[PDB]
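Chemist: Starting from these lines, generate the structure:
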Amino acid sequence: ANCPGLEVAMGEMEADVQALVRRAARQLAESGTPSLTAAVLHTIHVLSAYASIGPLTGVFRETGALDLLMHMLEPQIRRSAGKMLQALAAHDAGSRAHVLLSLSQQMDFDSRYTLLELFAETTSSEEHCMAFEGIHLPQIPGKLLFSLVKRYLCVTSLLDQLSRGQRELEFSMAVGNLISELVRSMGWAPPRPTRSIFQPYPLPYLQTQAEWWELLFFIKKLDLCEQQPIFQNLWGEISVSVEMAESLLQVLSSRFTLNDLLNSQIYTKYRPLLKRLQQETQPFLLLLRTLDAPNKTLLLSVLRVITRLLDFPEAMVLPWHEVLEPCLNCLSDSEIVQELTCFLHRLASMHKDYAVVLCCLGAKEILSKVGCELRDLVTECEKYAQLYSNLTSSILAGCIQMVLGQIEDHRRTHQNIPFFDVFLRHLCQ
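Modeler: Residues are numbered from 1 along each chain as shown. Shown next is the protein structure:
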């Protein structure tokens, strides 16, 4: 109705797959001749050109070119297979995310950077790329960004093949995880009477499962072992009664993270001390409300405290994200300056992460309005601020796209996943 505009080549293509494959294997078993390396390199170039064909993706995925892509991912082969992934990805995202996440399955700063580079380059589709009006899109740390990317990749991995109830439950849990971790990382933690959306005889249009799904998700968040007896007690679309739900929440509260559990709507409707102050993220946000600070002696002593804590042998579970941007924006005391100096010097001392965050935040710039190692670690390399910010904007565009796509599919099918209300509300605010 709307748009009426819209083989032997494939068999020869399969022959080409076999031949180029055996040649790649020969290049691998003869990984001593840069000549043969380069030959098969341009070969895979021609391959990528061919696999750029739309319907050929069938023959591609059937031949298993991912095995070669993995055995390949030399700088020549590196840049080659990178371009290769880009070409193979533009049209088809599934096997893209798949081979990527499985190569991931096969974490130093080097590994993290290699991975994020492969992502940020190889998978830049129209879905991931769009505009942004420069709202205060905050920073993040490396490990958190990496976890967000892995979740996004799993989502897109399963987001096309959709018993069928099993696939539905899997996809629901997947998107729930992605939105959960995204809200966390990016740090975003009576109704009016029924009026018709259309009116500016009685109107035949003007006149729970989601709760159970969310409960089941939280249950699956428990250990599989300790859930095996919980599984038996249960014995996944069995409706519940409020009493059974209260029992469930009570028995789950005993195992163990749960700051979001406590802040959830499901409960609304239904050393070791350091461990306590940590696990209770209410004490985390309380650390934030304390740092919210004339507070000369208090702030000075607390900075000394968190500093002696900054060489703690463990317990980096601390947020370590807001621990920078407030002071970085704040700065007239000589003690103020020296405190900021100790602050940075400790910050870039254990994990380069938040130091890199400062770098992206403009650290080596403020190291000019100034004392030495600050800038030394600040402009150690700015070859990553662009990449980190790129990964942030990309992941956000991708998740907003998944949201829109779900709204459209449910329009088509005439029929609620976890946390979707949270995301929709906080995006509409």
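Chemist: What residues does residue 220 make contact with?
Modeler: 173, 227 (C-beta atoms under 8 Å, 6 or more residues apart in numbering). C-betas here are computed from N, CA, C, even on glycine.
Chemist: try 7 Å
Modeler: Contact analysis of residue 220 by C-beta atoms under 7 Å, 6 or more residues apart in numbering lists residue 173.
Chemist: Tell me how far it lies from residue 349.
Modeler: Note on residue 220: its distance to residue 349, by C-beta to C-beta, to the nearest Å, is 38 Å.
Chemist: How about residue 357?
Modeler: 14 Å.
Chemist: Among the two, which residue is more densely surrounded?
Modeler: residue 357 (24 against 13; other C-beta atoms under 10 Å).
Chemist: Can you name the residues that contact the more buried one?
Modeler: Taking C-beta under 7 Å, 6+ apart, one finds 139, 141, 324 in contact with residue 357.
Chemist: let's see it at 6 Å
Modeler: Residue 357 sits next to residue 139 when contact means C-beta atoms under 6 Å, 6 or more residues apart in numbering.
Chemist: In the protein, mark out all the strands, start to finish.
Modeler: With DSSP state E, there are no strands along the chain.
Chemist: Most distant residue from the centre of it?
Modeler: residue 201 (50.6 Å; C-alpha atoms, centre = their mean).
Chemist: From residue 147, how far off is residue 202?
Modeler: Residue 202 is 52 Å from residue 147, by C-beta to C-beta.
Chemist: The two: who's more crowded?
Modeler: Neighbours of residue 202 and residue 147, each counted by other C-beta under 10 Å, are more numerous for residue 147; the result is 15 against 6.
Chemist: Now do that one against residue 180, distance only.
Modeler: 11 Å.
Chemist: swap in residue 386?
Modeler: As judged by C-beta to C-beta, residue 386 and residue 180 stand 28 Å apart.
Chemist: Settle it for me: which of the two has more neighbours?
Modeler: Shown here are residue 386 and residue 180; by other C-beta under 10 Å, residue 180 has more neighbours (18 against 11).
Chemist: which residue packs closest to the more buried one, ignoring adjacent ones?
Modeler: Spatial nearest neighbour of residue 180, excluding adjacent residues (C-beta to C-beta, 6 or more residues apart in numbering): residue 419 at 5.9 Å.
Chemist: same check, this time on residue 147
Modeler: In space, residue 147 is closest to residue 181, 6.2 Å off (C-beta to C-beta, 6+ apart).
Chemist: I'd say the one you found and residue 150 touch.
Modeler: No - at 9.3 Å, residue 181 does not count as touching residue 150 under the criterion of C-beta atoms under 6 Å.
Chemist: So between these two, which is more surrounded?
Modeler: Comparing residue 181 with residue 150 by other C-beta under 10 Å, the one with more neighbours is residue 150, at 19 against 16.
Chemist: Quick check: the gap between the residue nearest to residue 147 and residue 151.
Modeler: Counting by C-beta to C-beta - residue 181 and residue 151 are separated by 5 Å.
Chemist: With residue 366 instead?
Modeler: Applying C-beta to C-beta to residue 366 and residue 151 gives a distance of 34 Å.
Chemist: if you count what's nearby, which of the two comes out ahead?
Modeler: Neighbour count, other C-beta under 10 Å: between residue 366 and residue 151, residue 151 has more, with 20 against 16.
Chemist: Could you find the closest non-adjacent residue to the more buried one?
Modeler: residue 178 is the one closest to residue 151 (C-beta to C-beta, 6+ apart), at 4.6 Å.
Chemist: measure that neighbour to residue 336 for me?
Modeler: 41 Å.
Chemist: Same drill for these two, tell me which one is more crowded.
Modeler: Higher neighbour count among residue 178 and residue 336: residue 178, with 24 against 15, using other C-beta under 10 Å.
Chemist: my guess is the more buried one meets residue 154, correct?
Modeler: No - taking C-beta under 6 Å as the definition, residue 178 is not a contact partner of residue 154, at 7.9 Å.
Chemist: okay, and the common contacts of those two?
Modeler: Common neighbours of residue 178 and residue 154 (C-beta under 6 Å, 6+ apart) do not exist.
Chemist: Mind listing what's buried along the longest helix that the chain contains?
Modeler: Criterion DSSP state H: the longest helix present in the chain is helix 385-413. The neighbour-count check on helix 385-413 (16 or more other C-beta atoms under 10 Å) flags 385, 387-388, 390-392, 394-399, 401-403 as buried.
Chemist: before we move on, what about stretch 418-429?
Modeler: Quick answer for stretch 418-429 (16+ other C-beta under 10 Å): 418, 419, 420, 422, 423.
Chemist: Tell me how far that stretch lies from the chain's centre.
Modeler: Its chain's average C-alpha position is 17 Å from that of stretch 418-429, according to C-alpha atoms, centre = their mean, to the nearest Å.
Chemist: In CSV, please show the C-alpha coordinates belonging to that stretch.
Modeler: Written as CSV, here are the backbone C-alpha positions of stretch 418-429 (Å, rounded to 0.1, in the frame of the first residue of the first chain):
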residue,chain,number,x,y,z
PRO,A,418,10.5,-4.3,34.0
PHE,A,419,11.6,-0.8,34.8
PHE,A,420,10.1,0.5,31.6
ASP,A,421,8.0,2.9,33.7
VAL,A,422,11.1,4.2,35.4
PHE,A,423,12.8,4.9,32.1
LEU,A,424,9.7,6.4,30.5
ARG,A,425,8.9,8.7,33.4
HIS,A,426,12.5,9.9,33.8
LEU,A,427,12.8,10.6,30.1
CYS,A,428,9.5,12.5,30.1
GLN,A,429,10.4,14.6,33.2
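Chemist: Begin at 699 from now on, thanks
Modeler: I'll keep to 699 as the first residue from here, and by that count the last item is stretch 1116-1127.
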